[PDB]
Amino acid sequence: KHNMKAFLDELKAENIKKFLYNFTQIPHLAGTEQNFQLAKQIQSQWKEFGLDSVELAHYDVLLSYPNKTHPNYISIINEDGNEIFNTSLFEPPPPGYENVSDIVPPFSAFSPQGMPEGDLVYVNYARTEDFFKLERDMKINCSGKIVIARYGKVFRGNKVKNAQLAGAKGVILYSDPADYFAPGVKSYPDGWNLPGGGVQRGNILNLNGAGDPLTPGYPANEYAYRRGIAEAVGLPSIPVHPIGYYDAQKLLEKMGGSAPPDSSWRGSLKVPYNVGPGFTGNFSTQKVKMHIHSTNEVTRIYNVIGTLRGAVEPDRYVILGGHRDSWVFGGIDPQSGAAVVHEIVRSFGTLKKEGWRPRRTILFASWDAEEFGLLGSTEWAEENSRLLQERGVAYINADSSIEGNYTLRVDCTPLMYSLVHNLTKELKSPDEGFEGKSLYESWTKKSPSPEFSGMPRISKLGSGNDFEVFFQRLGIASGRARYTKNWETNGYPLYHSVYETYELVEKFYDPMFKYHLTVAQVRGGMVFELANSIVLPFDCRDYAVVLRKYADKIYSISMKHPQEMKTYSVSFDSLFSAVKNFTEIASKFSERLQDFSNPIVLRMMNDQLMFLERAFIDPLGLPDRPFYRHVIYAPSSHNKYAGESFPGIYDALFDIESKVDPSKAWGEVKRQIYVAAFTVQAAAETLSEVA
């Protein structure tokens, strides 16, 4: 038989291992020749594996690279302008790669050029609340200072935005062992920890869903009109550069001014973590000087798009996508995901060669330039938005398959909760101690739901990966899954460093490739069910449950201000009414879906299911973020990686007690309540009988 079991049994750990090795021998930085060669390799192989068509879709987008003959670095500089200490020009390469060429040195992609000199201020994680503490409570002024911030907690682009708005003239990002060195494990090559010479690369844009900075709304094709750099979306206005903790210790050890306000501001280095501004008395006249010379350059990128045409509903697309570009070798990020996709394509293609076709069309994507701002996925979705709007069933992401070896992690739309529970009850746990038990059982035991006994945690989707355009702009049901760490004992330490290699994975994370295989089973199984189930495997009642939770949550935030809710007549009644209606209507729709031989009623019903995530899209977008259009979920305005629920109302409430004109501020809260209640009611109404 050709059923899900046939598909799942064909997946092999040994094949994922071979592909991972194959994809991680040389760097595949977006825009480089090596990455174009790997795109052509994947295109050829997906053809051989049996897909109906496999094409390259290319775009010319803004990328950013260091200057090879004018390296970026940071100095401590004395009274005379002598540079008495310089940060490293490259990470010491790992064993056996010391002769690999074209390893891009650590840099912050899209930093402007400059050589700012100034006094340091230490701003902890450079979160919104860190700057509030500095400015409001400690009365420290960052204006015209160089800020030094530890990586961690939030997306680095939010850190740079927050430093910019505080008036900083430069930002230094570093990896503190508190956040990147797990107690009791050795540094790479001897363990999975970050060494003191290790440095995390990464872009520092604030694109808010725009994709290529020069072409927001439209694909960056051959005839595209591009904005000038001055009007580009998301670019930082101050220079930024990342360093490791050996170098950080040298910049921090001399820090003076004020002490850290409390222990949450202290990392693990043997330094005081003084906030400054500037150095202690002896060194008070030394300054810090950045030298940044990177350039932004329009550069060609290549997505690979494979199609397995559906036998019954070819105009319904289920998409499995993840990126191919890496900062260096991409041993975890992204190739651990790309190898899993490669083996999924191979398994589907094996079934196809035996005569099977899925019910719906499956599209497979190897995206480019994810590391530079989700550019490949976004430009493709911009090009194909009308097809995706009207035909897109679901998007399953496939970046890193592992960030630990403890248990499963799933983030997805509520519409896929039931599918995930059901699929994981049918899969074997790879975990020690759970031999012969289901993945559902191991996962639920290790990661219990905070709301429900006997159920596993499933998180909201945030952003910082290629599902953003599909979910938050276009409203296509989306999900992701990987193996993760115990967030109780301790991202992963070697993230975006040169040390993320095949050997890291094979020696320390997944020597048997059993966690990779489990993740291939979850991702591929989801794609299988979505593309093959007669009735789409979405349960609208699961959205009704979560909408009530989010309504309670946002009402609770507002209720911290009872006097203002009285004064400005701020009512949540319409939002709870809408959520009640959604719950009633979804319950009735579910009865019909179970109670309805009629392919038109079915597809009618399949379309109601497919367009339900679509209904939460507001074509006017969220305030000042036109490409975040989903009214229930957006990336947090303080941390792109985190999802926020009822984001329009959340941001209207955030720090409201500091607003100068409360009448205006609470009016905007009321406006966002109206928009949310309306959108929830309108989405409910798409599930009513159609006529």
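Note that residue numbering follows the sequence shown and begins at 1.
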{"property": "Length class of the unmodelled deposited segment, which would lie between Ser577 and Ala578", "result": "none"}
{"property": "Count class of coordinate-free deposited residues lying between the neighbours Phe90 and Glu91", "result": "none"}
{"property": "Per the entry, higher mean C-alpha B factor between 212-220 and 563-571", "result": "563-571"}
{"property": "254-262 or 176-184, whichever carries the higher mean Cα B-factor", "result": "254-262"}
{"property": "Out of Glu488, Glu383, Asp466, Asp607, residue topping the C-alpha B-factor column of the entry", "result": "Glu488"}
{"property": "Residue, from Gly228, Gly621, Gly197, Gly202, that the PDB entry assigns the highest Cα B-factor", "result": "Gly228"}
{"property": "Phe372 CA temperature factor, ranked by third within the chain", "result": "lowest"}
{"property": "Third of the chain's Cα B-factor distribution that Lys17 belongs to, per the entry", "result": "middle"}
{"property": "Position of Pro599 among the chain's modelled residues by C-alpha B-factor, lowest, middle or highest third", "result": "lowest"}
{"property": "For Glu379, the third of its chain into which the C-alpha B factor falls", "result": "lowest"}
{"property": "Third of the chain, ranked by Cα B-factor, where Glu426 sits", "result": "highest"}
